[PDB]
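Visitor: For reference, each letter of the sequence shown is one residue, going 1 to 348, 350 to 370, 373 to 516 in the authors' numbering.
Each residue gets a CB set at the ideal place from its N, CA and C atoms; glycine is no exception.
Have a look at the structure that comes next, please.
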Amino acid sequence: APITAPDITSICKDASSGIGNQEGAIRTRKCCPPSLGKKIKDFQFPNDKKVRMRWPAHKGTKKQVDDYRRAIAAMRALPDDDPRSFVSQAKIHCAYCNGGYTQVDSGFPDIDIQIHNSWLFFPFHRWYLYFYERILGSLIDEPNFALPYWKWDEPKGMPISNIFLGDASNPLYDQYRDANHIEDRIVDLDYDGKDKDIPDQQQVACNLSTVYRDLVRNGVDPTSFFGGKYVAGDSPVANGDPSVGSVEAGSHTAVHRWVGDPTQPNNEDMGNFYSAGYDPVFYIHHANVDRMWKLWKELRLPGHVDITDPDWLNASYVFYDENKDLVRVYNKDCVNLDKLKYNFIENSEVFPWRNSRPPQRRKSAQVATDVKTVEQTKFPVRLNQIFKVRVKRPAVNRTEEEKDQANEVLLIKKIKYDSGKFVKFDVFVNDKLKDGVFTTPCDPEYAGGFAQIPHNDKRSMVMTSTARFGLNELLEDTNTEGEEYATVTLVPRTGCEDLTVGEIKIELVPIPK
Ligand SMILES: [Cu+2]
Ligand SMILES: [Cu+2]
């Protein structure tokens, strides 16, 4: 029962999800696409001669930048009614991420479609950028046109590229950005709403670890990387969201909240799904998120495999192409970049984040072990303060052979909260440092976090979610592979006043091959 986008030009409604303040929304909620009386045709693979090479936004040639600027300028010049227009392209994101469509074609007209918070996250945005990229190319007669990508997994590429800065005369410019972050400032891939008073050196090191954390530590298998299973009939109210992937809830979300203008009602443009598409950097951010998918597989680590579930493969969306034709595309058809005739320009060397595993904790920095166990704790627990609890592990002292067959994964389920605002809390495991020990935002005890852009549903006031954290490296890094219990510490960062956690448990997840 795969999620199937309906006739988007026939069945559509104004965005009513993930927008905390609709009264005063600076951008429109009328995200329905133009009706040009076109029939939805099946997708056909491109016959391009050369492969479109996407370039780092901070290492672009004069031609690459000018072509990109001229292309956006052309897109901004089109009428709003045009499917290829700047406004229309932005509305695509709004329609799919803020309840524009329903699962009516699958027989559930009372259930909205949400590409986010699911395994549809990566493939959707790949198709999104795919048509977006080919549209820009055709508007300037560049058959070999290629988008840039925000290479924030590389130090010199972490600050916003200056090509997006300046003033309104620049097509790539957007006034609706965080003023405190547009001054050549380094991005925080683990942003929680408040700037950190740490050196640039520390921030880069933590950014590199965040990439490693999202692609290696927590991206241990397809479920934890792409996101949870999401089939037709699935409602966010009955019951909750498909667990969110490591990238989506991690570095991806961080950039959205870091770029978005906090002075605006819904943190427009980037800070919210419904308005993100109005900022040119949005597509360039997702160009690298799209690249994380590529890198995640090129690591060729165990468990880093493609999805084979037919419910994923047969899931489909609808887009307008450069010829204003309605095209239905399937997830199965975007797994191969060679077939889509594009790729990314890499440094010919080793990725700077490849070895950004947190440093081993010294036993001399740790003390011996009073925290209650799950059996002693009354759930659900509310995270309006730091919460500590000991969780029984599924095993202890696993051999190297055992760890290569299954991941020890911490599962935090039934996370209920008002999704009208941005939510984030951090997760630390086996924290037992002595007093006076120096700490960093990228310590080994840090398992990562659960961050959520507002995506509150139309007919519920509360959304439910799930997070997955890999412990194979962490337990080693903390010298606690032998301990029967794992002390899990949940630290709220923002929007956790009403947040509650329903269940916490550690399980062995077999590595798929
Ligand atoms: Cu999105
Ligand atoms: Cu995004």
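Should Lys151 be labelled buried (16 or more other beta-carbon atoms within 10 Å of its own) or exposed?
Guide: The residue is buried, with at least 16 neighbouring Cβ atoms inside 10 Å.
Visitor: Taking the CB atoms as reference points, tell me whether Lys297 and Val368 lie closer together than 7 Å.
Guide: Cβ atoms of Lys297 and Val368: not closer than 7 Å.
Visitor: Using a Cβ-Cβ cutoff of less than 8 Å, which residues in the same chain neighbour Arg396 once the five nearest sequence positions on both sides are dropped?
Guide: Answer for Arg396: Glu411, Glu486, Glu487, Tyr488, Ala489 and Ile509, listed in chain order.
Visitor: Compute the Euclidean distance between the alpha carbons of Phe45 and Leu313, then round it to the nearest angstrom.
Guide: Taking the straight line from one Cα to the other gives about 16 Å.
Visitor: Hey, out of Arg126, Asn482 and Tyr283, whose CA is closest to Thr370's CA?
Guide: Out of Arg126, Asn482 and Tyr283, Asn482 has the C-alpha closest to the C-alpha of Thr370.
Visitor: Roughly how many whole angstroms lie between the Cα atoms of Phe472 and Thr102?
Guide: Going by the C-alpha atoms only, they are around 31 Å apart.
Visitor: If distances are taken between C-alpha atoms only, which option among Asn387, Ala1, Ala470 and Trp55 comes closest to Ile284?
Guide: Cα-wise, what sits closest to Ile284 is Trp55.
Visitor: Give a single yes or no on whether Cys97 has its beta carbon closer than 6 Å to a heavy atom of ligand 1.
Guide: True, at least one ligand heavy atom lies under 6 Å from that Cβ.
Visitor: Rounded to the nearest angstrom, how far is the Cβ of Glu322 from that of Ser138, given a contact under 8 Å?
Guide: Indeed, because the Cβ distance is near 4 Å, the residues count as touching under 8 Å.
Visitor: If you measure between the beta carbons of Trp354 and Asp153, is that distance less than 7 Å?
Guide: Against a cut-off of 7 Å, the Cβ pair of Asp153 and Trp354 comes out as a contact.
Visitor: Alpha carbons only, please: which of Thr210, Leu301, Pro79 and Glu23 is nearest the one belonging to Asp429?
Guide: Minimum Cα distance to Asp429 is reached at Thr210.
Visitor: One question on the structure: do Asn459 and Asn266 come within less than 7 Å of each other, judged by their Cβ atoms?
Guide: Taking 7 Å as the Cβ cut-off, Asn459 and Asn266 do not qualify as a contacting pair.
Visitor: Looking at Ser316: is its Cβ nearer than 7 Å to the Cβ of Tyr330?
Guide: For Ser316 and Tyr330, yes; Cβs fall inside 7 Å.
Visitor: State the Cα-Cα distance for the pair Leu511 and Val504, rounded to the nearest angstrom.
Guide: Going by the C-alpha atoms only, they are around 21 Å apart.
Visitor: For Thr497 and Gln203, I'd like the C-alpha separation in whole angstroms.
Guide: Computed Cα separation, rounded: 20 Å.
Visitor: By Cβ distance, which residues of its chain are closer than 6 Å to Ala146, with the 5 residues on each side in sequence left out?
Guide: So the qualifying residues of the chain are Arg52, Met53 and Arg54.
Visitor: Count the CB pairs spanning the region 107-121 and the region 229-236 that are closer than 8 Å, and state whether there are at least three.
Guide: With the cut-off at 8 Å, the region 107-121 and the region 229-236 touch.
Visitor: Which runs of the alpha helix (DSSP H) spanning at least 4 residues fall entirely within the region 209-270, listed in chain order?
Guide: You should have 222-226 and 253-259.
Visitor: If you follow the beta strand (DSSP E) that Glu506 is part of, which residue opens it and which one closes it?
Guide: Counting along the chain, the beta strand (DSSP E) containing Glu506 begins and ends at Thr503 to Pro513.
Visitor: Compute the Euclidean distance between the alpha carbons of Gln408 and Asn400, then round it to the nearest angstrom.
Guide: Near 14 Å, if we compare the C-alpha coordinates of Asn400 and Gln408.
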